[PDB]
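Chemist: my sequence and its experimental structure, below.
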Amino acid sequence: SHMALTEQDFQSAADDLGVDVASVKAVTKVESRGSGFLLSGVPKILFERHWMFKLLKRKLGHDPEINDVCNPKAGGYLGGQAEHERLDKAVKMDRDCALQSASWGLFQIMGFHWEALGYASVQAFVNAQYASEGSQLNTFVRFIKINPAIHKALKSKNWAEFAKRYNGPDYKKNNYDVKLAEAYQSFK
């Protein structure tokens, strides 16, 4: 109920980035999934078995065993609470790699970014996904900071450049450059 973002959270992030409050609301409206939590109260995730293969391959120094939650071929997605059963299975192979191989919260940030984002450990990154949407928004803010090119675009309010660098070269297919601008106006 209170787990959802508030003006207090939007402003903390805006101040932390050093940008307009409406700019943070804009990207949150488009780049987020509305809620960063499922019904049970656990974070919204999507498990990437090909990242589980890559990360566990780096750790061991050889190919791991290929199953339905560890495979160099991307896909096999279930969805919602079902994704947490895939994570639980992957945790029994290797906890750190599994947790790192899922995208977490509002902005679906991959858990292997934990170190670049400046968290004490993998477990610190996860606890921040369980805490609140405000913490999940802090994670997003941290991702924007470590991408100066994307951070500058947000401050200069380019949208076209921000959408290109964040969403990908094929951003105009979903009208991200436009949606961001129209969203920005809806709050401004």
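Modeler: Structure's in. What do you need? Residues are numbered from 1 along each chain as shown.

Chemist: show me what contacts residue 166?
Modeler: 31, 147, 150, 176 (Cβ atoms under 8 Å, 6 or more residues apart in numbering). The C-beta positions use only the backbone N, C-alpha and C, and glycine is treated the same way.

Chemist: make that residue 108, sorry
Modeler: Residue 108 touches 33, 44, 46, counting by Cβ under 8 Å, 6+ apart.

Chemist: got it, and residue 10?
Modeler: By Cβ under 8 Å, 6+ apart, the residues touching residue 10 are 21, 24, 25, 28, 137.

Chemist: residue 181 touches residue 159, doesn't it?
Modeler: Yes. Under the criterion of Cβ atoms under 8 Å, residue 181 makes contact with residue 159 at 4.8 Å.

Chemist: spatially, what comes nearest to residue 105 if we skip its sequence neighbours?
Modeler: Spatially, and ignoring its direct neighbours in sequence, residue 105 is nearest to residue 136 (3.3 Å; Cβ to Cβ, 6 or more residues apart in numbering).

Chemist: and what of residue 139?
Modeler: Nearest non-adjacent residue to residue 139, counting by Cβ to Cβ, 6+ apart: residue 109, 5.2 Å away.

Chemist: any idea how far residue 91 is from that neighbour?
Modeler: As for residue 109, its distance to residue 91 is 19 Å (criterion: Cβ to Cβ, to the nearest Å).

Chemist: with residue 40 instead?
Modeler: 17 Å.

Chemist: quick one: which of these two has more around it?
Modeler: Legend: neighbour count by other Cβ atoms under 10 Å for residue 40 and residue 91, higher for residue 91 (14 against 9).

Chemist: contact partners for the closest residue to that one other than its chain neighbours?
Modeler: Using Cβ to Cβ, 6+ apart and skipping the chain neighbours, the partner closest in space to residue 91 is residue 98 (4.5 Å). Residue 98 sits next to 52, 69, 87, 90, 91 when contact means Cβ under 8 Å, 6+ apart.

Chemist: domain boundaries for the chain, per the record?
Modeler: Using automatic domain parsing, the domains assigned to the chain come out as 7-34+133-187, 45-131.

Chemist: of all these, which lies closest to residue 1?
Modeler: Residue 1 lies closest to domain 7-34+133-187 among the domains of the chain, at 11.9 Å (Cβ to Cβ).

Chemist: now do the same end-to-end measure for the closest one.
Modeler: Start-to-end span of domain 7-34+133-187 (Cα to Cα, to the nearest Å) is 12 Å.

Chemist: how far off centre is it?
Modeler: When C-alpha coordinates are averaged (Cα atoms, centre = their mean, to the nearest Å), domain 7-34+133-187 and its chain have centres 12 Å apart.
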